[PDB]
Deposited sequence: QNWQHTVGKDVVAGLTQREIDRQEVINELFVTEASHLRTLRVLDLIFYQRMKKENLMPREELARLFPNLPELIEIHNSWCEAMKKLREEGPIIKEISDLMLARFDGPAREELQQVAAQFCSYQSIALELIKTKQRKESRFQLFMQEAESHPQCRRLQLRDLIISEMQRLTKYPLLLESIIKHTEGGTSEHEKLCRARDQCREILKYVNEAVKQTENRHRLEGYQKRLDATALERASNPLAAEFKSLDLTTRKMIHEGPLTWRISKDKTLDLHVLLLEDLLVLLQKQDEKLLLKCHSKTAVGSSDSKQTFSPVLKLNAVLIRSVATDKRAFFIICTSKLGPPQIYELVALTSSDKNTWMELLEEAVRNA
């Protein structure tokens, strides 16, 4: 409910509005930390431990769904116990920045980001697998509806609950920003809370990057299997022959998405294009295959192009090859919307600067 109306009922009458607001935000943080711990313990008790002991799936698939749940629990449980220890010494919480730095700064940061990234990075993949399994295996579907019918799931499904770690991590900067707001400035307390908030954003940046690379890798592995580099081993021009063995797995993806290729005299091509670190790859989607085929090269080395926005067309943009060997080739590419063109431009230009 509320800090005011429960703890510190007799002691509220003395404080300022700012010290009340400060006490409320600290209380909400404390209370939602206990509430997160309770969710993690639902995941443990209702899902993970039963899935393990009853052998609902192979240990290897289970390890990819709950890589490190016990360590995730302890990362929050110990922080929670320290919270309880502070609450004991009086209903008005004094300085709190040390408690924050003890979770979000130095070694404590390194640990938390490591553990949160391990838990989340692969999660979207693991949930697709559990969806498939639910659909193909009746004992597993039954187990899932049995488990999800438990009152502690609060009418939510595994895939609703398992995302709470990531959601909890995004709350921390908001909670801190709100504690800072009601802290008297010029204080070390304020300066250290500001540090802790800046460190949380950094942790979130780290987890963001971890999900990103794990998803991107798995995507690229799948594209490689569908990759058809037939028409390129003999080809029509040696501007294309070196990419006969492309292997998308050795590259890092920056971006991807559908583009329309204005190639000829009112003749177009709907492509699926991958912006990699070094290359822009143009592919044709047959339906379940990715075609590397040429006339124009399907692969453009980013170090040897320029990006120009089209004057009259708010959706299109040009990619111009600057290599003296590689004839008067402008690639005209059309994005979905003007916004799509924007982000396609910004990323193409950035990648080109770094190439």
Counting from 1 along the deposited sequence, the ranges with no C-alpha atoms are 295 to 307
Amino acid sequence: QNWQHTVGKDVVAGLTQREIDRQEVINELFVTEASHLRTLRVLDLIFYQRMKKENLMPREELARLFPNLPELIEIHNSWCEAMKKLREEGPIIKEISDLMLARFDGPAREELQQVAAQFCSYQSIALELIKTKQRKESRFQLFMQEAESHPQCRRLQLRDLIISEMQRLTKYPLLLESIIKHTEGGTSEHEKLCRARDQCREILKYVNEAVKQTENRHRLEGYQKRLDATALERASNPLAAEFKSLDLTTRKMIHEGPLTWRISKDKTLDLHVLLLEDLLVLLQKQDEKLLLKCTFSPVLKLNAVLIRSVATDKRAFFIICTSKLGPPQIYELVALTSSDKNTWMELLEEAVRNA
From here on, numbers count along this sequence of modelled residues.
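Only the largest set of C-alpha atoms that superpose within 1.5 Å between the two forms is called the rigid core.
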Note: with structures superposed on the core, the stretch whose C-alphas sit farther off in 4 other deposited structures of this protein, 340 to 348 or 11 to 19, is 340 to 348
Superposing the other structures by the rigid core, the farther-displaced stretch by RMS over CA atoms in 4 other deposited structures of this protein, of 160 to 168 and 276 to 284, is 276 to 284
Ranked by mean Cα B-factor in the entry, 49 to 57 and 325 to 333, top stretch is 325 to 333
Entry B factor averaged over C-alpha atoms, 264 to 272 against 72 to 80: higher for 264 to 272
Highest CA B factor of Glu189, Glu242, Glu202, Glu165, as deposited, is found at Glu242
Of the residues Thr183, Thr250, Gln152, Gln123, the one whose Cα carries the largest B-factor in the deposited record is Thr250
Sorting the chain's modelled residues by C-alpha B-factor and splitting them into thirds places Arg64 in the middle
Of the three thirds of the chain ranked by Cα temperature factor, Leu306 occupies the middle
In terms of its chain's C-alpha B-factors, the third that includes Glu24 is the lowest
For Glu111, the third of its chain by CA B-factor is the lowest
For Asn208, the third of its chain by CA B-factor is the lowest
